[PDB]
Ligand SMILES: [Cl-]
Ligand SMILES: [Cl-]
Ligand SMILES: [Cl-]
Ligand SMILES: [Cl-]
Ligand SMILES: [Cl-]
Ligand code: NA
Ligand code: NA
Ligand code: NA
Ligand code: NA
Ligand code: NA
Ligand code: NA
Ligand code: NA
């Protein structure tokens, strides 16, 4: 979530070790492809047009990027993106906070109840 | 694309059945007036049954666990009260609306008339998501919702009897019954009869879990065994050598698959919102139930290959939709392969898909008859709470001893005719009979009455389908029977 | 020697045994530590009486005098409404005892699957110093004070006869409620059981408790798994029993045990004891006591001096007062089965003495529940406003004759006319049943079904928890578990 500086290198090193990026979402849209998205192709596409909207090898995702059925969710955009509203609908089991405080303390309570691993920002985002 | 709103579909179903049955009502009316006032009274009463008579929109507060205060929107629509009390379910979803609960309350009236259940149509709904609230917050939501309904005459043993629905179960009904019995209805001797679907310790009836699934089995049983209908489908009567496919392995689909496989049918494919499994030589319901209960889903079944195609388009003989509204659609109707569509859910077929299913000689058993097994048993649970007794508690051993006396009487009579000089002619119950005698319980009486209801209601729909010659359009035949029954109570009651 | 409130210990030791099981079955969205707290909490509510009413109402005696009468009514649990219990007319009544007896009724109803809450009343008078007209005014005024404060009603509290009360008092109670507070109540006559038949009573009620005791011994005397530990052969064949106290429970328990092969060796009372090893007849002893006032001087049995509970036999049926078999006379007991025909006639000290002696003791909350089970049927009868079988008897009679004739005409069609006719007729026992089909036949059948089903529930947890021959703990374990599930599944 958020194809910025952190989000660009996050998907590149995960894709290098066998992980498949199924969706990338920013403030102006979200793409989706369950068969993987090439980080290099999306990086060159983000540079050319300043946005990931309209990626050829992907499809537009008209929904919440944080609620996509997946395994790892990497919030790497703005603050407080996972609150008590959308957190009970998160399908991921691992949440890697690529930003500074993107999960409310109330969402931390139900994330621990739902058995969802939340790697904290003061360690992972360092 | 195609999909309309369910509120539009039910009104269209009523308008179709009312125009057909109108001529029968103007002639069977034995009032002392001319034929024009008679047709005016028939058309006048039909103008009353269609709209919901009472709708209650609520806005009650609650104190959450964190301390904050929230306002909960709720709805409760009473379609008709020609037979008190009303019956209906309570839905917990953010998709509820006035138009939603009004439609399903209208369907509840005609569904009860099909199975001869003497209740009016009702339906409830609150705009919450149970995953957002904790167990303690859902209790205070449910208890406060019961208080506001009681003060406004929308819940009560003789007023309105709620029931479980989407995202609600016996846990909520237990809270509903305990709230009414401890406050507004404390002086009511039948206070626990105010709601059905309760646990056994709270007054629930036995056989309620498998009630809807058994009704789906018994319903298609009456039509798969009728040679007059089965000749049009092009299939031999009976469940043997027949393949069925279930959409949605929830509660209805689980027991529909369990009871069909028990009587010779073979499950070929089972699909959900998670995926779809397939096996051309049969799927075991017990092995699938334990796999669904263990891993929380059905994907990865060891004895079933995955099926990435549409679950509704699987080639089979019987298709059982048991999930969401409007699953069979004008665009996907000409691509189905099953000859019988067993609607194990409320409104899973669009009227335009019903048109394609009719021109293709595809038998669709409507929802207001097939999805009425739980409603019928809920009527028995309501009667159980009024009787303050379990069925058979007073007669199980009395009928058992008389049954053994009848067999012993035949034995001693045959011994004095054929065994005068030694030997014995033992007259013992069959293996099928001893199971009924030994494991005799309330579930045996409830499921027997359920089968009797689905059987008698099937002959009512068949008799109407052949009177107006509707062919395989049993939906219209069902609404005609329901409209005629509700009109019968109105016309013979008088004015205000 | 004596003891007071053993019921509190019965609950305490039954709650500790069931606790581990109750946490496992708890499916609440809570943590297993918090779950163990709710198990502990619910038991803390069940144990004490929820409501206790103390009264002091006046009457006018026949001589124009005035008197103030003390009366109490303790409602133990209300997890199942209405409440059920008796009304005792005695000078020795106390709130501490009507509370304990109300708690016993709660667990007794749960044992026999009776959906009532425990209760019990008590008026502090000696009914001998009062006339029938004075006893009526006492009863009627007692009913109205219970009605005004919500301690009697078809769905609130259903009293019943007890010590020094009977059909006469219950008819006065029902007549008063149905003419005052419950005039608009359509089920006003369901406010109390034990009424006469003309007042809405049920058939088979007088022989209810006695028959319930017989089925209690029957379900255990014919089970080899428990007769082998006791060292006896299954069945009532060639068995002698002594009935302590020839009251209503003793007279009918004798009449039914005798019918199935049992022999009454002795029968003691509060003033004497008769003995005869050849066997005493219940009818011959019944008409004698009906003609006189006591069983003393019975011709067909020599007078027996000594403890009537220590007679050499096999099954002892104490159907008299409370706490008769204690630790003082516990080792001197000659019988092998202690069938509790009364409410708590055995102290816990004697319970451990009988347990180490391998002597079976049928608990009071099970064997002494036949009348309560039938009182539940009487309550349903007044709600149905019709007798059992009134709509069914002729329909069930013609069906049996249709079935027997169907087997007759089918076999004669298959075998022919030359071999003769094949008459199919009921048994002697069958035609006896169909010809005299009455409501009592249905009530006694449903009672035997209750005792048979409840015995299996006691035997199950007796071997599940390895309680051996201590059925009382198994009976309390089952009763506590049933009351807990209603509490836990209600919020
Ligand atoms: Cl989950
Ligand atoms: Cl139309
Ligand atoms: Cl067979
Ligand atoms: Cl009688
Ligand atoms: Cl004979
Ligand atoms: Na690679
Ligand atoms: Na928060
Ligand atoms: Na509460
Ligand atoms: Na009540
Ligand atoms: Na009940
Ligand atoms: Na024949
Ligand atoms: Na008889």
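Residues 64-554, in that order, are what chain C shows, numbered as in Swiss-Prot.
How was it done? The header gives X-ray crystallography, 2.9 Å.
Every residue, even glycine, has its Cβ placed from backbone N, Cα and C.
Pulled from Swiss-Prot, these are the features on record:
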- C:183: active site (ACT_SITE)
- C:84: substrate binding site (BINDING)
- C:172: ADP-ribosylcysteine (MOD_RES)
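Feature map: annotations from Swiss-Prot on the structure.
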| residue | record | DSSP (3 states) |
| --- | --- | --- |
| C:84 | substrate binding site | helix |
| C:172 | ADP-ribosylcysteine | helix |
| C:183 | active site | strand |
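Here the CA atom of residue C:183 (active site) lies 13 Å from the CA atom of the residue listed as 'ADP-ribosylcysteine'. Cα separation, residue C:84 (substrate binding site) to the residue listed as 'active site', rounded: 31 Å. Figure note: comparing Cβ neighbours within 10 Å for the recorded positions C:84, C:183, the maximum is reached by C:183. Counting every protein chain shown, the Cβ of the residue listed as 'ADP-ribosylcysteine' has 28 other Cβ atoms within 10 Å.
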